[PDB]
Amino acid sequence: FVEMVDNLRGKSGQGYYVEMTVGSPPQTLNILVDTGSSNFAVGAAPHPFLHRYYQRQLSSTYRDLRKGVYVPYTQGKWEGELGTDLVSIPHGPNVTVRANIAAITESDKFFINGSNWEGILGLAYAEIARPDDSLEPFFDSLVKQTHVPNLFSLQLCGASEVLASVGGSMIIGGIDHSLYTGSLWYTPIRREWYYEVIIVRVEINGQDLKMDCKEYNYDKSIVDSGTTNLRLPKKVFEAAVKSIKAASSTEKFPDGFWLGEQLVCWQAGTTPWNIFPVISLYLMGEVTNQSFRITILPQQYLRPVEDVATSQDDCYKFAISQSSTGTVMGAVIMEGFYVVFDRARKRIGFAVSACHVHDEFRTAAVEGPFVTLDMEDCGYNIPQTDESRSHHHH
Ligand SMILES: O=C1Nc2ccccc2[C@]12CCNC2
Ligand SMILES: [Zn+2]
């Protein structure tokens with residue numbers, strides 16, 4: 001899988017992208033690797049934040065589906081026109097696929113200035129594809145049309161006038177053993193829509209938050225490479241910040257820091273890492289009543305940002321933030337670990353990443369099993385709206 005190592009790039013906090021080609025002749029574009037969505041969509045007209053964009057008219061293999069599409073998120077939205085074309089990943093498997101492509105004609109707060117990506121590769125399942133689940137996602141087409149095994153794995157590696165460059169690997173169709181150390185532990189995919197998982201316990205420096213475990217998964221928990229932060233439901237976020245504040249309390253930061261709105265700095269090389277606690281998320285195991293924990297360091301949840309003003313200092317942003325749409329294990333979580341999206345066996349694997357940032361006292365960890373007697377169900381059941389209920393699924 002050596003051709004696929006180091007096939008991701010980006011700027012810290014602005015997303016990890018893979019180079020792709022679309023059309024004949026091939027048009028090169030940088031595409032955000034997003035496990036939190038299910039569309040393949042590309043800028044297809046001019047925009048202040050785009051260096052370039054997909055030109056449908058210039059591809060001999062383009063076919064128009066004569067259907068539009070709209071995709072809104074909490075943060076960002078876009079629209080455009082559906083088609084199919086030939087798609088390749090130059091630093092990926094040596095194959096070409098005909099895939100659905102949404103050509104983005106208008107957007108708001110979607111593209112990011114300086115991020116260097118021009119589209120989004122949604123790697124999650126058909127159930128959350130827009131406009132509906134009959135629009136086959138890219139990965140589904142790749143698997144149906146070629147020999148590629150139904151699995152991919154991600155190694156996201158964390159980091160004065162520009163943000164820090166980041167790198168990573170998307171291994172399509174298998175697992176590369178150079179990218180991790182130790183044991184690979186799996187948590188079941190609860191339902192194939194998002195990459196939904198179940199968190200059963202949360203500890204901050206070995207201390208249990210002691211919430212009803214449904215709170216951890218209210219209203220869902222997902223793994224999303226296209227989200228920067230670890231995002232936590234309001235109640236959990238408040239409890240967690242209260243605990244990190246207590247552990248770190250020899251230092252008094254502004255409110256803005258804990259809201260993710262302000263940097264805090266120390267003299268170059270003097271950051272007191274050991275005043276900030278590790279955070280452990282216990283995930284449901286493949287075996288009933290078992291779990292395993294993934295443990296991240298402050299080196300994951302404190303994001304480095306060079307201050308043009310005091311570029312003499314090491315400065316950081318707090319990258320845990322509040323959610324009202326459940327837990328999101330974003331790049332903060334993922335940068336600890338080699339993460340295996342084992343779609344074939346409806347599971348997600350975690351192992352300690354060979355590239356994760358740590359120090360000489362602590363490492364990110366993946367440890368199990370931990371066993372419980374008579375587990376409560378920690379899953380939440382989203383209220384069924386009449387809209388969603390009325391959908392037929394043929
Ligand atoms: O919710 C989001 N808003 C946004 C904006 C731009 C790119 C990617 C995204 C996501 C889509 C799913 N993962 C993150
Ligand atoms: Zn019907």
Side-chain angles (χ1 to χ4, degrees), residues 1-45 47 49-56 58-59 61-62 78 83-104 107 110-124 137-139 141-143 145-146 148 151-159 162-174 176 179 225-226 228 331 334-335 338-339 341 355:
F1 293 122
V2 149
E3 288 250 40
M4 296 188 248
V5 177
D6 236 348
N7 68 354
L8 306 179
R9 292 292 180 261
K11 289 300 210 188
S12 184
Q14 301 197 309
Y16 289 83
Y17 60 74
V18 71
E19 192 178 305
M20 302 182 75
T21 71
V22 304
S24 304
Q27 296 172 51
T28 298
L29 299 160
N30 286 330
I31 307 293
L32 180 71
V33 169
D34 194 282
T35 62
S37 58
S38 297
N39 279 77
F40 181 46
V42 299
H47 179 287
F49 297 163
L50 299 178
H51 293 287
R52 57 193 173 186
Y53 58 93
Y54 173 50
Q55 298 194 88
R56 274 166 292 158
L58 108 77
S59 169
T61 47
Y62 187 63
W78 56 260
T84 73
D85 211 334
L86 294 191
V87 178
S88 81
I89 305 173
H91 303 284
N94 168 230
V95 300
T96 292
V97 57
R98 177 163 296 272
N100 297 128
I101 309 176
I104 293 169
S107 63
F110 177 61
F111 298 112
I112 302 179
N113 202 169
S115 68
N116 214 36
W117 56 256
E118 298 104 23
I120 184 166
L121 178 66
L123 288 167
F138 178 84
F139 207 80
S141 303
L142 175 65
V143 173
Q145 293 175 34
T146 79
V148 179
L151 169 165
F152 66 88
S153 54
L154 292 175
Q155 187 202 52
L156 308 183
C157 304
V162 296
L163 300 172
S165 284
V166 292
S169 312
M170 180 173 56
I171 309 304
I172 292 142
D176 186 308
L179 297 187
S225 57
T228 292
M334 291 186 68
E335 281 169 14
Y338 183 48
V339 184
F341 297 76
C355 69

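Values below: every heavy atom of this structure, side chains too, minus hydrogens, waters and symmetry copies. Counting from 1, the numbers follow the sequence of the chain as shown.
- Atom CE of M20 is separated from atom CZ of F40 by 4.0 Å, given to the nearest 0.5 angstrom.
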* Might you work through the side chain to side chain donor-acceptor pair (under 3.5 Å) test for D85 and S59, ending with a clear yes or no? => CA-CA 8 Å; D85 211 334; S59 169; 2.7 Å; yes
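- Counting non-hydrogen atoms of other residues, nucleotides and ligands closer than 6.0 Å to CD of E3 gives a total of 12 or fewer.
- Note that CG of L32 and CD of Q14 are 11.0 Å apart. Values are rounded to the nearest 0.5 Å.
- In summary, the side chains of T21 and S88 do present a donor paired with an acceptor at a separation below 3.5 Å, with no hydrogens or angles considered.
- Within the structure, the salt bridge (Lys or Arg N to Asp or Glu O under 4.0 Å) test picks out the following pairs touching residues 8-18 (sequence neighbours left out): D6-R9.
- Annotation for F139 and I172: closest pair CE1-CG2, 4.2 Å, computed over non-hydrogen atoms.
- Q155 places a side-chain N or O within 3.5 Å of a backbone atom of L179 that can act as its donor or acceptor partner.
- The shortest heavy-atom contact between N7 and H91 is ND2-O, 3.0 Å.
- Taken to the nearest 0.5 Å, the CG atom of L156 stands 6.5 Å off from the CG atom of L8.
- Atom CD of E335 and atom OG of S225 lie 11.0 Å apart (nearest 0.5 Å).
- Distance CD1/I120 to CD1/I104: 7.5 Å, rounded to 0.5 Å.
- Once rounded to the nearest 0.5 Å, the distance linking CH2 of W78 with CZ of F110 reads 7.0 Å.
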- Go through the steps for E19 and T28 under the test side chain to side chain contact (heavy atoms under 4.5 Å, CB included), then give the verdict. CA-CA 7 Å; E19 192 178 305; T28 298; 3.6 Å; yes
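- Counting heavy atoms from C-beta on, the side chains of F152 and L123 come closer than 4.5 Å.
- Looking at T61, its side chain does come within 3.5 Å of a backbone N or O of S24 through a donor-acceptor pair.
- The side-chain heavy atoms of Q145 and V97, taken from C-beta on, include a pair separated by under 4.5 Å.
- Nearest heavy atoms, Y338 versus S153: OH-OG, 2.6 Å.
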Does the pair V33 and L154 meet the rule for a side chain to side chain contact (heavy atoms under 4.5 Å, CB included), with working shown?
CA-CA 9 Å; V33 169; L154 292 175; 4.0 Å; yes
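- Judged purely by atom type and a 3.5 angstrom limit, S38 uses its side chain to pair as donor or acceptor with the backbone of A124.
- Contact between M4 and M170 at its shortest, heavy atoms only, is CB-O, 3.8 Å.
- Looking only at distances, a side-chain donor or acceptor of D34 sits under 3.5 Å from a matching main-chain atom of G36.
- Between the side chain of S169 and the backbone N or O of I171, no donor-acceptor pair lies under 3.5 Å.
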Query raised in the report: Please walk me through it: do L151 and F341 pass side chain to side chain contact (heavy atoms under 4.5 Å, CB included)?
Result: CA-CA 6 Å; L151 169 165; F341 297 76; over 6 Å; no
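- Residues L50 and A45 approach most closely at CD1-O, 3.8 Å, considering heavy atoms.
- Contact detail for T228 and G13: the closest heavy-atom pair is OG1-O, 3.1 Å.
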_Let's go through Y16 and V166 carefully: what are the C-alpha distance in whole Å and the side-chain angles of both, what is the deciding distance for side chain to side chain contact (heavy atoms under 4.5 Å, CB included) to 0.1 Å, and is it a yes or a no?_
CA-CA 8 Å; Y16 289 83; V166 292; 3.6 Å; yes
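- Within the 3.5 Å criterion, the main-chain N or O of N100 finds no donor-acceptor partner in the side chain of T84.
- The aromatic rings of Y54 and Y62 stand perpendicular to each other, their planes meeting at an angle above 60°, with 30° marking the opposite boundary.
- Sorted by first and then second residue, the pairs that involve residues 111-120 and meet side-chain hydrogen bond (donor to acceptor under 3.5 Å, both in side chains), not counting sequence neighbours, are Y17-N116, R52-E118, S115-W117.
- When side chains are defined from C-beta on, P90 does not count as touching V18, because their heavy atoms never get closer than 4.5 Å.
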